[PDB]
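For reference, the chain that follows is the form deposited in one PDB entry, supplied as structure tokens.
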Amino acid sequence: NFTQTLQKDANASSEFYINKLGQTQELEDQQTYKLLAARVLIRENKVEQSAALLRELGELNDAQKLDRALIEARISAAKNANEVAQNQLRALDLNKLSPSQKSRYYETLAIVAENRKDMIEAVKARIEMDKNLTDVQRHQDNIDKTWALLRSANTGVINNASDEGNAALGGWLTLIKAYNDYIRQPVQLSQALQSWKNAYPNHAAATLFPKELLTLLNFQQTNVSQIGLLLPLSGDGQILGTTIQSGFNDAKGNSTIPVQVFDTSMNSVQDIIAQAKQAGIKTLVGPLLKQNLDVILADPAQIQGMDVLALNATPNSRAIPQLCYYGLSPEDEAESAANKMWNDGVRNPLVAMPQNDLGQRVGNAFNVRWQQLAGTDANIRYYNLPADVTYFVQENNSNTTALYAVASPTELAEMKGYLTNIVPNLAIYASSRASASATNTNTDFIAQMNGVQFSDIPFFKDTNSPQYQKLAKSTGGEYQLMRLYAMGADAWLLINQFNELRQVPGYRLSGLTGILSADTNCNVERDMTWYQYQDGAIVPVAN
């Protein structure tokens, strides 16, 4: 009896099941394949295709009518028909479903709760779901889902929440309360989590701990004994390594930590790591040059047992144990733009990138962050000449439209000039590449850039400070160099909070280059400060 395949999980693709329709000549099995395909189309976020395929279902037998209802209730939950979904589930004899069918029952039930912003209930549904799951990966996904729901719940409600006689809910409430009570004390949280596992040894999360909490269970406080500083301090890039070094030492202050400096322009990164290793050094800052960083990435076993805060990030950057990437990368300024534009209400962002490798990498960075906030791709378009943007804008000027463009100051001046008569009220966003002292001394540039807002480091907020004037004068007024000094200062901040940054999720630091945080690849993200050209001045707006 092939109809029983609806009681087991459907692990194949929708394309697989549809393609079995032609190969099946028994009408009863075709309806089964349509049901199997229709319920995976939802997992593939094709609800309207799933519903359309259910309307094609003709004569069904009671076993098929049952699985049809589960999908009908899952579709309603996806269409935010919460009242309908509930009344459709309750109409099913819950004792007639299989464990796989019960997991879909409660998953729909959890989706309804989440739609209504009822986190506690959503957790209670996934507790029932978990009891009916068998695949380890399905367990893990449910565990992490449950932890996401608990983490998004109101902290005040959690502290005042009863287990309701449900042991599994108890174990969860204890876990999330410990996290909320001790995340700012990561050493104490670790001690709580280890104790949680011994308080609820038979709890589901005790066997499969949430992935966010795996790095915290065995957390360790950062304790830097000595540093190796890898920078280009001679030849090409000397000004870059010297300026970065200047910030690092000023942030260093009266620290007793010995810092052994290595000049990467006088030695190979291969031998530096060797010297550092024999030297007992277990903590490196740098290198800076992308080519030097790729040496480590060409054989990550070189930094075995070391904590490395690279001062750059390359396309080959990835997740390596005890490696973090802190660069002034235009990819981060593009991600901060996706956050800024989203908060400002933009929903049709137009991204103009240069037609080069950098433009594709920065444009992808924006798209990724926009997919998270909006669940859709951004309209990226590369340009040969700044004029090409004028055609790009006038053809996609939907509602709540805004432009993002990475380009030199002189190039942006052209873009906003050609876009004046085309979209006079256009909202324009740019990166730090738009702001330079060699161009902020103008009246035409600042007048033909009025209204434009751009990201840059927070250090430029206070231009009347002693440090700014002392640094601004010594650097010759070159913005790019000041950004390197700041970077060197923040590298000291980062290296001493390396473990927190690497193992504490959401950990944020207030540095001179922005709000520093790490993603899953310990790629140091920067929440940029946003300034806006208002007539003749530069006014901070956000962060």
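One-based numbering along the sequence shown. Basically, rigid core = biggest C-alpha set you can superpose within 1.5 Å across the two forms.
Discussion item. Using only C-alpha atoms and the B-factors in the entry, which stretch averages higher, 388-396 or 135-143?
Written reply: For C-alpha atoms only, the mean B-factor is higher in 388-396.
Item to complete: Take the C-alpha B-factors listed in the entry for 282-290 and for 354-362, compute each mean, and give the stretch with the larger one.
Response: According to the entry, 354-362 carries the higher average C-alpha B-factor.
Fill in: Options 209, 370, 248, 326 - largest CA temperature factor per the record
When the deposited C-alpha B-factors of 209, 370, 248, 326 are compared, 370 is largest.
Item to complete: Identify, among 423, 261, 148, 178, the residue whose C-alpha carries the highest B-factor in the deposited PDB entry.
Response: Of the candidates given, the C-alpha B-factor peaks at 423.
Item to complete: Name the third of the chain's ranked CA B-factors that contains residue 534, choosing lowest, middle or highest.
Response: Top third by C-alpha B-factor.
Worksheet item: Which third of the chain does residue 194 land in by C-alpha B-factor: lowest, middle or highest?
Response: For residue 194, whose C-alpha B-factor we compare with every modelled residue in the chain, the answer is the lowest third.
Worksheet entry | Modelled-residue ranking by C-alpha temperature factor, third containing residue 317 | Tercile = lowest for this residue's CA B-factor.
Practice prompt. Name the third of the chain's ranked CA B-factors that contains residue 481, choosing lowest, middle or highest.
Written response: Residue 481: CA B-factor falls in the highest third of its chain.
Item to complete: Would you mind ranking residue 25 by its C-alpha B-factor against the rest of the chain and naming the third, lowest, middle or highest?
Response: Within its chain, residue 25 is a highest-third residue by C-alpha B-factor, going by the deposited values.
Not on display, but discussed next: the form deposited in another entry.
Discussion item. At a threshold of 2 angstroms on the CA positions, core aligned, which residue out of 263, 344, 250, 294 shifts between the shown form and the other one?
Written reply: Meeting the 2 Å or more criterion is only 344.
Fill in: Yes/no, residue 389 Cα shift of 2 Å or more between the shown form and the other one with rigid core fixed
The answer is yes, as the C-alpha of residue 389 shifts between the shown form and the other one by 2 Å or more after core alignment.
Worksheet item: For residue 380, is the CA shift between the shown form and the other one at least 2 Å following rigid-core superposition?
Response: Residue 380: C-alpha displaced by 2 Å or more between the shown form and the other one.
Worksheet item: With the core lined up, does the C-alpha of residue 326 move 2 Å or more between the shown form and the other one?
Response: No, the C-alpha position differs by under 2 Å between the shown form and the other one.
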